[PDB]
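Below sits a lone chain in C-alpha coordinates, taken as the form deposited in one PDB entry.
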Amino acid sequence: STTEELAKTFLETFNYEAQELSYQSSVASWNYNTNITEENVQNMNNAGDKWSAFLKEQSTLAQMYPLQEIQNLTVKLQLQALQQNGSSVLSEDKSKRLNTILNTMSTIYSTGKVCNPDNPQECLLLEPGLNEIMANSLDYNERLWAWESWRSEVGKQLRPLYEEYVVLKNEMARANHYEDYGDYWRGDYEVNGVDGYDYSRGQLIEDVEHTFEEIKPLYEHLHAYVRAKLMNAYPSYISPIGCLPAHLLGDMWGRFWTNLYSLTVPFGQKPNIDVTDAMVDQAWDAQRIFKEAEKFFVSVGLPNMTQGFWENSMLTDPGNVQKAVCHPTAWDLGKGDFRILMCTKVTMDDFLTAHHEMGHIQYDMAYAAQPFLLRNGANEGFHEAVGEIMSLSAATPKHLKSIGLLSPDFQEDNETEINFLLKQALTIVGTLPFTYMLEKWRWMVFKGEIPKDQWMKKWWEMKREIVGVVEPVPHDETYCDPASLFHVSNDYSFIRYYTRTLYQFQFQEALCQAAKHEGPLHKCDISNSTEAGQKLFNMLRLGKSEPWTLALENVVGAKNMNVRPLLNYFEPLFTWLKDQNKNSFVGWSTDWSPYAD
(Lines give C-alpha, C1' and ligand atoms only; values in the text may rest on other atoms or scores of the structure.)
Protein backbone atom coordinates (compact mmCIF):
# COMPACT_ATOMS: atom_id res chain seq x y z
CA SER A 1 0.00 0.00 0.00
CA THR A 2 1.38 3.39 -1.12
CA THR A 3 1.62 6.76 0.67
CA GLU A 4 -1.87 7.67 -0.59
CA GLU A 5 -3.39 4.44 0.74
CA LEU A 6 -1.69 5.00 4.13
CA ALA A 7 -3.07 8.55 4.11
CA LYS A 8 -6.74 7.60 3.58
CA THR A 9 -6.59 5.11 6.46
CA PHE A 10 -4.93 7.73 8.61
CA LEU A 11 -7.57 10.38 7.70
CA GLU A 12 -10.52 7.99 8.18
CA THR A 13 -9.35 7.19 11.72
CA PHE A 14 -9.11 10.92 12.27
CA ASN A 15 -12.62 11.87 11.10
CA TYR A 16 -14.18 9.31 13.39
CA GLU A 17 -12.14 10.28 16.46
CA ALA A 18 -12.59 13.95 15.66
CA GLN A 19 -16.38 13.58 15.47
CA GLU A 20 -16.62 12.52 19.07
CA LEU A 21 -14.15 14.86 20.74
CA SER A 22 -15.46 17.72 18.65
CA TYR A 23 -19.10 16.88 19.37
CA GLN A 24 -18.26 16.78 23.07
CA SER A 25 -16.31 20.02 22.74
CA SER A 26 -19.31 21.74 21.09
CA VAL A 27 -22.10 20.50 23.40
CA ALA A 28 -20.07 21.52 26.44
CA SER A 29 -19.29 24.88 24.87
CA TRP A 30 -22.97 25.30 24.03
CA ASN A 31 -24.32 24.33 27.46
CA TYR A 32 -22.04 27.07 28.83
CA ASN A 33 -23.24 29.87 26.56
CA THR A 34 -26.82 28.83 27.39
CA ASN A 35 -26.44 28.02 31.11
CA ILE A 36 -23.60 30.06 32.67
CA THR A 37 -22.65 27.90 35.71
CA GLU A 38 -19.25 27.34 37.35
CA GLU A 39 -19.83 23.60 36.73
CA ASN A 40 -20.18 24.45 33.02
CA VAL A 41 -17.06 26.59 32.50
CA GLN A 42 -15.30 23.60 34.05
CA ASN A 43 -16.84 21.31 31.39
CA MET A 44 -16.27 23.62 28.38
CA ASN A 45 -12.59 23.71 29.34
CA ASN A 46 -12.55 19.93 29.94
CA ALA A 47 -13.83 19.06 26.47
CA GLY A 48 -12.04 21.96 24.77
CA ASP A 49 -8.70 20.82 26.18
CA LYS A 50 -8.99 17.17 24.94
CA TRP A 51 -10.20 18.27 21.51
CA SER A 52 -7.34 20.77 21.17
CA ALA A 53 -4.66 18.40 22.51
CA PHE A 54 -5.96 15.82 20.03
CA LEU A 55 -5.69 18.15 17.05
CA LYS A 56 -2.06 18.91 17.90
CA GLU A 57 -1.25 15.20 18.31
CA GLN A 58 -2.97 14.50 14.98
CA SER A 59 -1.39 17.29 12.99
CA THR A 60 2.12 16.28 14.16
CA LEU A 61 1.27 12.76 12.98
CA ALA A 62 -0.27 14.08 9.73
CA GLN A 63 3.03 15.79 8.90
CA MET A 64 4.48 12.27 8.46
CA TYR A 65 2.84 12.10 5.02
CA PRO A 66 4.15 14.35 2.18
CA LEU A 67 1.29 16.01 0.31
CA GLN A 68 2.92 16.31 -3.10
CA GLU A 69 3.05 12.52 -3.19
CA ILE A 70 -0.73 12.61 -3.68
CA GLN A 71 -2.57 13.03 -6.98
CA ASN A 72 -6.02 13.41 -5.42
CA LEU A 73 -7.32 16.85 -4.43
CA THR A 74 -9.91 15.50 -1.96
CA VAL A 75 -7.45 13.65 0.28
CA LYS A 76 -4.56 16.05 -0.47
CA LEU A 77 -6.81 18.86 0.77
CA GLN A 78 -7.71 17.04 3.97
CA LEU A 79 -4.11 16.20 4.81
CA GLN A 80 -3.14 19.82 4.16
CA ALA A 81 -5.89 21.13 6.44
CA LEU A 82 -4.78 18.86 9.30
CA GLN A 83 -1.29 20.28 8.78
CA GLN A 84 -2.09 23.28 10.93
CA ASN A 85 1.31 22.99 12.66
CA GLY A 86 0.55 25.92 14.99
CA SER A 87 2.86 27.74 17.39
CA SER A 88 4.16 24.22 18.14
CA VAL A 89 6.74 24.95 15.41
CA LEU A 90 8.28 27.41 17.90
CA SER A 91 10.21 26.56 21.08
CA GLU A 92 8.54 25.78 24.45
CA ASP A 93 8.95 29.39 25.69
CA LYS A 94 8.21 31.26 22.45
CA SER A 95 4.89 29.39 22.53
CA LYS A 96 3.94 29.84 26.18
CA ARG A 97 4.91 33.52 26.01
CA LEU A 98 3.03 34.10 22.73
CA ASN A 99 -0.10 32.53 24.22
CA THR A 100 0.50 34.75 27.24
CA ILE A 101 0.53 37.81 24.95
CA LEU A 102 -2.51 36.56 23.00
CA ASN A 103 -4.49 36.17 26.19
CA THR A 104 -3.47 39.49 27.78
CA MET A 105 -4.25 41.59 24.70
CA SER A 106 -7.63 39.84 24.80
CA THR A 107 -8.32 40.45 28.48
CA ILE A 108 -7.21 44.09 28.27
CA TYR A 109 -9.60 44.95 25.42
CA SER A 110 -12.35 43.05 27.25
CA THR A 111 -11.86 44.55 30.74
CA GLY A 112 -10.43 47.94 29.83
CA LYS A 113 -12.37 50.88 31.22
CA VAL A 114 -12.08 54.67 31.37
CA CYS A 115 -13.43 57.13 33.93
CA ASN A 116 -15.08 60.53 33.65
CA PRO A 117 -12.52 63.16 34.79
CA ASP A 118 -15.44 65.42 35.80
CA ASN A 119 -17.11 62.51 37.64
CA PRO A 120 -14.52 59.79 38.42
CA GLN A 121 -17.09 57.62 40.27
CA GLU A 122 -18.45 56.41 36.90
CA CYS A 123 -16.09 54.20 34.90
CA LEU A 124 -17.31 53.12 31.49
CA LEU A 125 -16.50 50.00 29.48
CA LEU A 126 -16.46 49.75 25.68
CA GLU A 127 -19.71 47.82 25.59
CA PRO A 128 -22.08 49.25 26.43
CA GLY A 129 -20.39 52.33 27.97
CA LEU A 130 -18.21 54.19 25.48
CA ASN A 131 -20.03 52.55 22.55
CA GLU A 132 -23.30 54.23 23.51
CA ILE A 133 -21.62 57.64 23.48
CA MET A 134 -19.97 57.01 20.08
CA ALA A 135 -23.30 56.04 18.55
CA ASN A 136 -25.58 58.77 19.96
CA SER A 137 -23.66 61.72 21.41
CA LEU A 138 -23.82 64.96 19.40
CA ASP A 139 -21.25 66.68 21.64
CA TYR A 140 -17.91 67.00 19.88
CA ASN A 141 -15.94 67.10 23.11
CA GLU A 142 -17.66 64.24 24.93
CA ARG A 143 -17.13 62.28 21.73
CA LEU A 144 -13.48 63.47 21.63
CA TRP A 145 -13.04 62.39 25.22
CA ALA A 146 -14.30 58.80 24.80
CA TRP A 147 -12.38 58.33 21.50
CA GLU A 148 -9.07 59.59 22.98
CA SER A 149 -9.53 57.91 26.40
CA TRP A 150 -9.90 54.45 24.84
CA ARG A 151 -6.77 54.76 22.70
CA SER A 152 -4.86 56.52 25.49
CA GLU A 153 -5.55 54.03 28.27
CA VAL A 154 -5.97 50.59 26.67
CA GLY A 155 -4.13 51.65 23.49
CA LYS A 156 -0.81 52.47 25.20
CA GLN A 157 -1.11 49.25 27.25
CA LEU A 158 -1.32 47.07 24.14
CA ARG A 159 1.55 48.85 22.39
CA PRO A 160 4.44 46.84 23.93
CA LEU A 161 2.45 43.60 23.84
CA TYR A 162 1.53 44.11 20.20
CA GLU A 163 5.19 44.73 19.27
CA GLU A 164 6.32 41.40 20.66
CA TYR A 165 3.18 39.77 19.20
CA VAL A 166 4.40 40.79 15.71
CA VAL A 167 7.91 39.34 16.15
CA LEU A 168 6.71 36.10 17.70
CA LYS A 169 3.93 35.66 15.15
CA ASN A 170 6.26 36.39 12.24
CA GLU A 171 8.85 33.76 13.23
CA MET A 172 6.04 31.18 13.16
CA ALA A 173 4.98 32.10 9.62
CA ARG A 174 8.60 32.12 8.45
CA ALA A 175 9.16 28.65 9.95
CA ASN A 176 6.15 27.43 7.93
CA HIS A 177 7.73 28.69 4.70
CA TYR A 178 5.71 31.91 4.36
CA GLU A 179 7.13 35.39 3.64
CA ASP A 180 5.52 36.79 6.82
CA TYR A 181 2.43 36.42 9.06
CA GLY A 182 0.48 38.46 6.52
CA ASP A 183 1.40 35.94 3.85
CA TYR A 184 0.23 33.28 6.32
CA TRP A 185 -3.20 34.92 6.50
CA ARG A 186 -3.43 35.47 2.72
CA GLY A 187 -2.93 31.70 2.58
CA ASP A 188 -6.63 31.14 3.27
CA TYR A 189 -7.32 32.32 -0.33
CA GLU A 190 -4.67 30.13 -1.99
CA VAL A 191 -5.27 27.31 -4.48
CA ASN A 192 -2.63 24.80 -5.69
CA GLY A 193 -3.30 22.46 -8.65
CA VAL A 194 -6.44 22.57 -10.87
CA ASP A 195 -5.52 25.08 -13.64
CA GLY A 196 -7.08 28.53 -14.03
CA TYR A 197 -8.89 27.74 -10.78
CA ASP A 198 -5.50 28.35 -9.12
CA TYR A 199 -4.91 31.44 -6.95
CA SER A 200 -1.70 32.64 -5.30
CA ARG A 201 -1.44 34.46 -1.95
CA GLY A 202 -0.16 37.72 -3.51
CA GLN A 203 -2.84 37.65 -6.22
CA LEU A 204 -5.21 38.60 -3.39
CA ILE A 205 -3.52 41.96 -2.75
CA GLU A 206 -3.52 42.52 -6.51
CA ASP A 207 -7.21 41.65 -6.84
CA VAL A 208 -8.05 43.68 -3.74
CA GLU A 209 -6.14 46.76 -4.87
CA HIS A 210 -7.37 46.58 -8.50
CA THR A 211 -10.97 46.11 -7.36
CA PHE A 212 -10.64 48.92 -4.78
CA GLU A 213 -9.74 51.55 -7.39
CA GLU A 214 -13.12 50.86 -8.95
CA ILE A 215 -14.67 51.86 -5.55
CA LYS A 216 -13.04 55.24 -4.96
CA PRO A 217 -15.52 57.32 -7.10
CA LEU A 218 -18.49 56.01 -5.14
CA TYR A 219 -16.76 56.33 -1.75
CA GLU A 220 -15.50 59.83 -2.52
CA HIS A 221 -18.99 60.90 -3.31
CA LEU A 222 -20.33 59.19 -0.15
CA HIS A 223 -17.60 60.90 1.81
CA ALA A 224 -18.32 64.32 0.18
CA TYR A 225 -22.03 64.21 0.98
CA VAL A 226 -21.58 63.06 4.59
CA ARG A 227 -18.88 65.71 5.05
CA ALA A 228 -21.40 68.37 4.01
CA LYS A 229 -24.01 66.88 6.33
CA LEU A 230 -21.58 66.70 9.29
CA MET A 231 -20.58 70.36 8.81
CA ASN A 232 -24.16 71.11 9.81
CA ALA A 233 -24.12 69.03 13.01
CA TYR A 234 -20.73 70.39 14.12
CA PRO A 235 -20.36 73.75 12.46
CA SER A 236 -16.82 75.15 12.54
CA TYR A 237 -15.28 71.79 13.52
CA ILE A 238 -14.90 70.38 10.02
CA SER A 239 -13.29 71.73 6.82
CA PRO A 240 -15.15 71.31 3.49
CA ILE A 241 -11.97 70.14 1.75
CA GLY A 242 -10.61 68.15 4.66
CA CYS A 243 -10.70 64.73 6.20
CA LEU A 244 -13.40 63.67 8.63
CA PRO A 245 -12.46 63.86 12.31
CA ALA A 246 -12.02 60.23 13.30
CA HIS A 247 -14.21 60.55 16.39
CA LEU A 248 -17.34 61.75 14.59
CA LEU A 249 -18.07 58.71 12.47
CA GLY A 250 -20.78 56.85 14.31
CA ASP A 251 -18.84 54.36 16.44
CA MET A 252 -15.57 54.01 18.28
CA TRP A 253 -13.48 53.62 15.14
CA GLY A 254 -15.69 54.54 12.25
CA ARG A 255 -15.71 50.97 11.05
CA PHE A 256 -19.31 51.73 10.10
CA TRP A 257 -21.07 55.01 9.42
CA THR A 258 -24.44 53.42 10.36
CA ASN A 259 -25.29 55.79 13.24
CA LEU A 260 -24.63 58.85 11.05
CA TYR A 261 -28.00 58.17 9.42
CA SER A 262 -29.87 60.50 11.79
CA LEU A 263 -27.83 63.47 10.58
CA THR A 264 -27.11 62.36 7.01
CA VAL A 265 -30.60 61.13 6.05
CA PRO A 266 -31.43 62.42 2.51
CA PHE A 267 -35.22 62.83 2.87
CA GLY A 268 -35.92 63.28 6.59
CA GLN A 269 -39.64 63.72 5.94
CA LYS A 270 -40.35 60.16 4.71
CA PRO A 271 -41.23 57.66 7.42
CA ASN A 272 -40.22 54.13 8.39
CA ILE A 273 -39.17 51.09 6.50
CA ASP A 274 -39.21 49.89 10.15
CA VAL A 275 -41.93 47.23 10.58
CA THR A 276 -40.94 46.84 14.24
CA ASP A 277 -44.39 48.09 15.29
CA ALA A 278 -46.21 46.20 12.50
CA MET A 279 -44.86 42.90 13.87
CA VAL A 280 -46.11 43.48 17.46
CA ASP A 281 -49.63 44.33 16.19
CA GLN A 282 -50.05 40.61 15.45
CA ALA A 283 -48.60 39.24 18.75
CA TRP A 284 -45.80 37.48 16.84
CA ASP A 285 -43.54 35.26 18.97
CA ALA A 286 -40.11 33.80 18.13
CA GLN A 287 -41.82 30.63 16.82
CA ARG A 288 -43.26 32.70 13.96
CA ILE A 289 -40.02 34.62 13.24
CA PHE A 290 -38.11 31.44 12.50
CA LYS A 291 -40.97 29.44 11.00
CA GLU A 292 -41.08 32.38 8.59
CA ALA A 293 -37.33 32.30 8.03
CA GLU A 294 -37.76 28.55 7.49
CA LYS A 295 -40.64 29.25 5.08
CA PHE A 296 -38.34 31.70 3.25
CA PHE A 297 -35.67 29.04 2.68
CA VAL A 298 -38.21 26.33 1.79
CA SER A 299 -39.56 28.77 -0.83
CA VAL A 300 -36.30 28.54 -2.80
CA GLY A 301 -36.56 24.72 -2.69
CA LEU A 302 -34.24 24.13 0.29
CA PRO A 303 -35.12 21.94 3.30
CA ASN A 304 -37.12 22.45 6.50
CA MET A 305 -35.12 22.91 9.72
CA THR A 306 -34.41 19.64 11.54
CA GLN A 307 -36.74 18.53 14.35
CA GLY A 308 -33.68 18.83 16.63
CA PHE A 309 -33.33 22.52 15.76
CA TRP A 310 -36.83 23.21 17.08
CA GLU A 311 -36.24 21.02 20.13
CA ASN A 312 -32.70 22.11 21.11
CA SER A 313 -32.41 25.79 19.98
CA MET A 314 -32.67 28.69 22.44
CA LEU A 315 -35.12 31.23 21.00
CA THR A 316 -35.70 33.50 24.03
CA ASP A 317 -33.65 34.87 26.95
CA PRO A 318 -34.64 33.36 30.35
CA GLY A 319 -33.61 36.68 31.95
CA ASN A 320 -32.12 36.37 35.42
CA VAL A 321 -32.03 32.86 37.00
CA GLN A 322 -30.25 30.93 34.24
CA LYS A 323 -28.48 33.72 32.35
CA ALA A 324 -26.94 33.29 28.89
CA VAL A 325 -24.72 35.15 26.41
CA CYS A 326 -27.05 36.91 23.98
CA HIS A 327 -25.01 37.56 20.83
CA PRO A 328 -26.83 35.94 17.85
CA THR A 329 -25.02 32.83 16.54
CA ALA A 330 -25.51 29.79 14.36
CA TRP A 331 -24.22 26.59 15.94
CA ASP A 332 -22.97 23.59 13.93
CA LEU A 333 -22.17 21.10 16.68
CA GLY A 334 -21.68 18.05 14.50
CA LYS A 335 -23.64 14.79 14.32
CA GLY A 336 -26.36 16.57 12.32
CA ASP A 337 -27.03 18.78 15.35
CA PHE A 338 -27.81 22.33 14.21
CA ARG A 339 -29.13 25.13 16.37
CA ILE A 340 -29.24 28.86 16.90
CA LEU A 341 -28.64 30.70 20.16
CA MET A 342 -30.30 34.14 19.93
CA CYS A 343 -31.99 36.33 22.53
CA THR A 344 -34.80 37.19 20.13
CA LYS A 345 -36.38 40.58 20.70
CA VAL A 346 -39.41 41.54 18.56
CA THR A 347 -37.71 44.22 16.37
CA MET A 348 -37.40 44.26 12.57
CA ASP A 349 -33.60 44.06 12.97
CA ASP A 350 -34.06 40.71 14.76
CA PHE A 351 -36.56 39.35 12.22
CA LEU A 352 -33.89 40.08 9.64
CA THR A 353 -31.17 38.78 11.98
CA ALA A 354 -32.96 35.42 12.02
CA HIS A 355 -32.66 35.29 8.21
CA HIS A 356 -28.92 35.87 8.40
CA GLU A 357 -28.35 33.33 11.16
CA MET A 358 -30.53 30.66 9.44
CA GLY A 359 -28.60 31.15 6.22
CA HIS A 360 -25.61 29.72 8.09
CA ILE A 361 -27.58 26.66 9.28
CA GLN A 362 -28.75 26.13 5.73
CA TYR A 363 -25.14 26.28 4.52
CA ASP A 364 -23.93 24.04 7.38
CA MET A 365 -26.68 21.53 6.55
CA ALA A 366 -25.81 21.51 2.85
CA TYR A 367 -22.15 20.65 3.40
CA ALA A 368 -22.72 18.05 6.14
CA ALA A 369 -22.07 15.00 3.88
CA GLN A 370 -18.55 16.25 3.10
CA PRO A 371 -15.51 14.83 4.90
CA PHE A 372 -15.30 16.18 8.45
CA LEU A 373 -12.23 18.34 7.80
CA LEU A 374 -13.97 19.87 4.80
CA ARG A 375 -17.15 21.18 6.40
CA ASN A 376 -16.86 24.96 6.24
CA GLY A 377 -17.46 27.92 3.87
CA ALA A 378 -15.36 28.01 0.70
CA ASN A 379 -13.27 30.73 2.25
CA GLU A 380 -13.39 33.01 5.29
CA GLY A 381 -15.44 35.38 3.17
CA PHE A 382 -18.16 32.87 2.30
CA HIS A 383 -20.30 32.04 5.39
CA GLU A 384 -21.31 35.65 6.22
CA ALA A 385 -21.76 36.38 2.51
CA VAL A 386 -24.48 33.69 2.44
CA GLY A 387 -25.79 35.26 5.65
CA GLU A 388 -26.16 38.76 4.25
CA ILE A 389 -27.87 37.50 1.05
CA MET A 390 -30.80 36.27 3.14
CA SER A 391 -31.02 39.56 5.03
CA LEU A 392 -31.13 41.43 1.71
CA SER A 393 -34.07 39.57 0.15
CA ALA A 394 -36.10 39.55 3.36
CA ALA A 395 -35.93 43.35 3.86
CA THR A 396 -37.13 44.29 0.38
CA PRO A 397 -40.45 46.20 0.52
CA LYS A 398 -41.68 43.58 -1.95
CA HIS A 399 -41.00 40.82 0.63
CA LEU A 400 -42.49 42.50 3.70
CA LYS A 401 -45.62 42.95 1.51
CA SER A 402 -45.69 39.26 0.59
CA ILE A 403 -45.37 38.22 4.30
CA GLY A 404 -48.33 40.42 5.26
CA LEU A 405 -46.14 42.86 7.19
CA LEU A 406 -45.92 45.91 4.93
CA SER A 407 -49.08 47.91 4.23
CA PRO A 408 -50.06 46.89 0.68
CA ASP A 409 -50.74 50.58 -0.26
CA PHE A 410 -47.16 51.87 0.38
CA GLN A 411 -45.53 52.70 -2.98
CA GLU A 412 -41.86 52.93 -3.88
CA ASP A 413 -41.31 56.60 -4.67
CA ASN A 414 -37.81 57.82 -5.62
CA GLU A 415 -37.19 59.15 -2.08
CA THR A 416 -37.78 56.24 0.32
CA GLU A 417 -35.41 54.31 -1.97
CA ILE A 418 -32.48 56.75 -1.84
CA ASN A 419 -33.05 57.08 1.93
CA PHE A 420 -32.70 53.34 2.45
CA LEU A 421 -29.85 53.06 -0.10
CA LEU A 422 -27.87 55.72 1.79
CA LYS A 423 -28.43 53.78 5.02
CA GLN A 424 -27.00 50.87 3.11
CA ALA A 425 -23.99 52.80 1.94
CA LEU A 426 -23.25 54.14 5.41
CA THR A 427 -22.56 50.57 6.51
CA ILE A 428 -21.68 48.59 3.42
CA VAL A 429 -19.69 51.12 1.35
CA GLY A 430 -18.44 53.12 4.33
CA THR A 431 -16.61 50.13 5.83
CA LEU A 432 -14.61 49.15 2.72
CA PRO A 433 -11.77 51.68 2.66
CA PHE A 434 -11.55 51.31 6.43
CA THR A 435 -11.28 47.55 6.11
CA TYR A 436 -8.79 47.65 3.23
CA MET A 437 -6.70 50.25 5.00
CA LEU A 438 -6.60 48.27 8.29
CA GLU A 439 -5.19 45.14 6.61
CA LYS A 440 -2.98 47.23 4.36
CA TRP A 441 -1.26 48.55 7.49
CA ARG A 442 -1.31 45.12 9.18
CA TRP A 443 0.19 43.43 6.11
CA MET A 444 2.98 46.05 5.79
CA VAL A 445 3.76 45.84 9.50
CA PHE A 446 4.34 42.10 9.09
CA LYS A 447 6.66 42.61 6.07
CA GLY A 448 8.85 45.12 7.95
CA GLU A 449 7.81 47.87 5.50
CA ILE A 450 6.67 50.02 8.45
CA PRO A 451 9.29 50.30 11.25
CA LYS A 452 8.38 50.42 14.95
CA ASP A 453 9.35 54.09 15.11
CA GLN A 454 6.72 54.97 12.45
CA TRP A 455 3.76 52.71 13.40
CA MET A 456 1.32 55.43 14.30
CA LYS A 457 2.88 57.95 11.90
CA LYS A 458 2.11 55.54 9.04
CA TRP A 459 -1.32 54.49 10.35
CA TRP A 460 -2.70 58.05 10.37
CA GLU A 461 -0.91 58.87 7.10
CA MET A 462 -2.87 55.98 5.58
CA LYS A 463 -6.14 56.82 7.36
CA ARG A 464 -5.84 60.28 5.77
CA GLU A 465 -4.68 59.10 2.33
CA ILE A 466 -6.84 55.97 2.01
CA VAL A 467 -9.87 56.60 4.26
CA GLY A 468 -10.47 60.38 4.24
CA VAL A 469 -10.23 60.37 7.98
CA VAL A 470 -8.10 62.23 10.58
CA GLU A 471 -6.98 61.96 14.17
CA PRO A 472 -8.65 64.70 16.25
CA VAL A 473 -5.63 64.53 18.63
CA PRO A 474 -2.05 63.74 17.45
CA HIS A 475 -0.49 60.38 18.41
CA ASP A 476 3.19 59.55 18.97
CA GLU A 477 4.49 55.95 19.05
CA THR A 478 3.27 55.67 22.64
CA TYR A 479 -0.11 54.69 21.11
CA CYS A 480 -1.25 51.63 19.18
CA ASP A 481 -4.57 52.79 17.81
CA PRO A 482 -5.16 49.83 15.48
CA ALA A 483 -5.02 47.34 18.34
CA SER A 484 -7.79 49.27 20.07
CA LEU A 485 -10.22 47.41 17.79
CA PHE A 486 -11.40 43.90 18.62
CA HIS A 487 -10.01 41.96 15.66
CA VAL A 488 -6.55 43.44 15.80
CA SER A 489 -5.81 42.80 19.45
CA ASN A 490 -7.66 39.48 19.18
CA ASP A 491 -5.63 38.06 16.28
CA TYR A 492 -8.31 37.70 13.53
CA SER A 493 -7.61 38.41 9.86
CA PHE A 494 -9.70 41.41 8.83
CA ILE A 495 -9.76 41.22 5.02
CA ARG A 496 -12.69 38.68 5.07
CA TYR A 497 -14.93 41.72 5.66
CA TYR A 498 -13.90 43.13 2.26
CA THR A 499 -13.84 39.99 0.13
CA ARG A 500 -17.16 38.84 1.59
CA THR A 501 -18.70 42.27 1.04
CA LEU A 502 -18.01 41.88 -2.70
CA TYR A 503 -18.87 38.16 -2.77
CA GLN A 504 -22.31 38.91 -1.37
CA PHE A 505 -23.13 41.31 -4.16
CA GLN A 506 -21.77 38.91 -6.72
CA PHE A 507 -24.07 36.26 -5.25
CA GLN A 508 -27.09 38.59 -5.13
CA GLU A 509 -26.85 39.83 -8.70
CA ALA A 510 -26.37 36.29 -10.04
CA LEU A 511 -29.16 34.93 -7.85
CA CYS A 512 -31.53 37.70 -8.90
CA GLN A 513 -30.60 37.12 -12.53
CA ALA A 514 -31.40 33.43 -12.06
CA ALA A 515 -34.69 34.66 -10.63
CA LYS A 516 -35.85 36.91 -13.50
CA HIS A 517 -35.98 40.03 -11.25
CA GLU A 518 -36.80 43.16 -13.30
CA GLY A 519 -36.00 46.39 -11.40
CA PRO A 520 -32.91 47.75 -9.66
CA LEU A 521 -30.83 45.00 -8.06
CA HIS A 522 -31.65 46.47 -4.65
CA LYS A 523 -35.36 45.65 -4.67
CA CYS A 524 -34.63 42.01 -5.50
CA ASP A 525 -36.17 39.09 -3.69
CA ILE A 526 -35.13 35.54 -4.42
CA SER A 527 -38.11 34.32 -2.37
CA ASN A 528 -40.24 31.71 -4.26
CA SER A 529 -37.49 31.21 -6.88
CA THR A 530 -36.36 27.54 -6.67
CA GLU A 531 -33.85 27.83 -9.57
CA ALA A 532 -32.04 30.40 -7.42
CA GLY A 533 -31.83 27.89 -4.58
CA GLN A 534 -30.44 25.34 -7.03
CA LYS A 535 -27.86 27.84 -8.30
CA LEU A 536 -26.95 28.59 -4.68
CA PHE A 537 -27.09 24.99 -3.42
CA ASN A 538 -24.61 24.08 -6.13
CA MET A 539 -21.93 25.91 -4.19
CA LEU A 540 -23.59 25.61 -0.80
CA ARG A 541 -23.09 21.81 -0.84
CA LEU A 542 -19.40 22.11 -1.66
CA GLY A 543 -18.08 23.35 1.65
CA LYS A 544 -14.30 23.67 1.70
CA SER A 545 -14.38 20.72 -0.76
CA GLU A 546 -13.39 22.36 -4.07
CA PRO A 547 -11.43 25.65 -4.56
CA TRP A 548 -13.40 28.88 -3.83
CA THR A 549 -12.79 29.95 -7.42
CA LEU A 550 -14.91 27.03 -8.71
CA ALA A 551 -17.30 27.46 -5.78
CA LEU A 552 -17.87 31.04 -6.94
CA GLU A 553 -18.08 30.15 -10.64
CA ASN A 554 -20.85 27.72 -9.64
CA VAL A 555 -23.10 30.58 -8.54
CA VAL A 556 -21.87 33.61 -10.45
CA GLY A 557 -20.28 32.01 -13.53
CA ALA A 558 -16.88 33.69 -13.05
CA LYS A 559 -13.63 32.55 -11.42
CA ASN A 560 -13.02 35.80 -9.55
CA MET A 561 -14.12 38.47 -7.17
CA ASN A 562 -15.67 41.20 -9.29
CA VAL A 563 -16.57 44.60 -7.81
CA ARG A 564 -18.99 45.36 -10.63
CA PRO A 565 -22.11 43.89 -8.95
CA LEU A 566 -21.32 45.98 -5.81
CA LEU A 567 -21.40 49.20 -7.81
CA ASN A 568 -24.59 48.04 -9.56
CA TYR A 569 -26.43 47.76 -6.25
CA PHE A 570 -25.51 51.37 -5.33
CA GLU A 571 -25.91 52.76 -8.89
CA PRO A 572 -29.04 54.86 -8.28
CA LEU A 573 -27.45 56.39 -5.18
CA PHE A 574 -24.20 57.09 -7.08
CA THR A 575 -26.02 59.27 -9.59
CA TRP A 576 -27.89 61.22 -6.92
CA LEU A 577 -24.55 61.72 -5.12
CA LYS A 578 -22.73 63.07 -8.20
CA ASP A 579 -25.53 65.58 -8.59
CA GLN A 580 -25.96 66.41 -4.87
CA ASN A 581 -22.22 67.14 -4.89
CA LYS A 582 -22.59 69.50 -7.90
CA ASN A 583 -21.10 72.37 -5.86
CA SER A 584 -19.37 70.39 -3.08
CA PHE A 585 -15.69 69.50 -3.03
CA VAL A 586 -15.10 65.80 -3.75
CA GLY A 587 -11.88 64.34 -2.30
CA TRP A 588 -9.70 65.46 0.61
CA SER A 589 -6.56 67.19 1.73
CA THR A 590 -4.23 64.90 3.70
CA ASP A 591 -2.71 68.02 5.30
CA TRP A 592 -5.54 69.63 7.31
CA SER A 593 -6.17 68.37 10.84
CA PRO A 594 -8.64 69.49 13.54
CA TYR A 595 -6.04 70.20 16.24
CA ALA A 596 -4.14 72.00 13.43
CA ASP A 597 -0.75 73.64 14.36
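Rigid core here is just the name for the largest C-alpha set that superposes within 1.5 Å across the two forms. Start at 1 and count along the sequence shown; that's the residue number.
Just so it is clear, the following notes concern the form deposited in another entry, a form of the same protein that is not shown.
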Hey, after the core superposition between this form and the one not shown, which of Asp476, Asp453, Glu449, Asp281 has the C-alpha moving 2 angstroms or more? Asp281
After fitting the rigid core, is the C-alpha of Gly86 off by 2 Å or more between this form and the one not shown? yes
So the CA-CA distance for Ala378 and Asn85 moves by at least 3 angstroms in that other deposited form. Closer or farther than here? closer
Relative to what's shown here, the Cα pair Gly86 and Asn490 differs by 3 Å or more in that other deposited form. Does it come closer or drift farther? farther
